[PDB]
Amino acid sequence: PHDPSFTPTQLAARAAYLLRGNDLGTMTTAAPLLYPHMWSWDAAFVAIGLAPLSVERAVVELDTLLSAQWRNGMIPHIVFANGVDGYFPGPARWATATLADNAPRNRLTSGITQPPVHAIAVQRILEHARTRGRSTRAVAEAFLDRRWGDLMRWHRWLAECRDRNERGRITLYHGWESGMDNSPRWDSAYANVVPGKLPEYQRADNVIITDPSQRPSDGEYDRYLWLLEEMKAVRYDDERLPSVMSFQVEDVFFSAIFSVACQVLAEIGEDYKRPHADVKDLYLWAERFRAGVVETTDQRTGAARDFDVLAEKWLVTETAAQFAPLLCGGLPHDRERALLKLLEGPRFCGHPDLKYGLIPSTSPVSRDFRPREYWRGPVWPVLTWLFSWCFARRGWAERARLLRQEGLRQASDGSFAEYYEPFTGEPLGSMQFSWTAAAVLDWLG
């Protein structure tokens, strides 16, 4: 053609057609072949993408995910669909069914967690539900009665078992838990992970995604799998992990999300007359983690830093996670204006060569930047959506609209890619990525 792009109605139709095609029945895979199981924070966004189409089916997505919740509250980052292959590491390597005392009985799950965006999904379902009338409000509200206690247990587990010293920051024991697997953020902590006798394995992800420049390297995967052996050797016991894991970092992006989530959950809890003590705790957590995020920021730029617990040192990198405090609030006026100038300037959204005015995962002027390699440079619709929605919540209506408009424009070819090359716009990663389709549907409300 002369134009290979789609109209907004065509695009919304194709996006809904992808989400239904990735539906197994009660769960939606993050991707048809690359990720043929339910991932934790993908399921939350799939629920957002489904809320315009069927509030009852979006409630089901979350229902299915909470039924995989561990006995201590942890929401695992993968719920394995029964009998599916083609993804490594599968439940055999995790062995949580055998080893994890808190693992659920009805499901096969991984042994690590992922950021708590689930409250954001609940509010979007609620907002759609209130525009659809009496029968549909009842479905969302019944969900709240079924799962409020389980949402609380999820937030309580993060606040108490992953913030053991009440520092207002979430501790991670695997890079995978950040959702940003190979981010330059973790390079200096992964450098101190020394794999021992690691059992033989073959990769699956790079049989599907065959370009080596779009996925993590083989050395990187050996370390991801070694941390798994460490957790296994201790039967996934929370009390014992701090003493054995050779990867312990406080994730500032994860912490900022949790702050926002607690605040969102707190407001839902007020709107629907939930136990006062739960609401007060949620507000408590929301402020502790807001303050924890702010304690990491550079005094001049506002840029948030992660923290290496084993090294006892701030990790200074130039990735989009520096902008964590923009999501949760709490910076002094002057510092937040400096942080926004960093975001809008030539190190990020204002880099002269970007095809779209979107946020690259790593700054193109960082020595660590790689235009194609997963989290080392590419632009992700997941970050566009999250930043856009959080900005609207801060009251930055025009900034949020600009992100939403550039995201829709990048997505308008219908690739629904996992991520995009920052300079050429080339769709990279998995195509048919549920999460990208869900961003599009939410942006086209």
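So that there is no doubt, residue numbering starts at 1 and follows the sequence shown.
Higher mean CA temperature factor, per the PDB entry, when comparing 219-227 with 255-263: 219-227. Of the two segments, 387-395 and 411-419, the one listed with the higher mean B-factor is 411-419 (C-alpha atoms only). As recorded in the entry, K313 carries the highest CA temperature factor of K313, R290, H333, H77. As recorded in the PDB entry, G90 shows the highest C-alpha B-factor of the residues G90, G329, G345, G269.
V249 sits in the middle third of its chain by CA B factor, as recorded in the PDB entry. Split the chain's modelled residues into thirds by C-alpha temperature factor. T131 is in the lowest one. Sorting the modelled residues of the chain by their CA temperature factor places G377 in the middle third.
Sort the modelled residues of the chain by CA B factor and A233 lands in the highest third.
In the PDB entry, a CA B factor belonging to the lowest third of its chain's modelled residues is recorded for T113.
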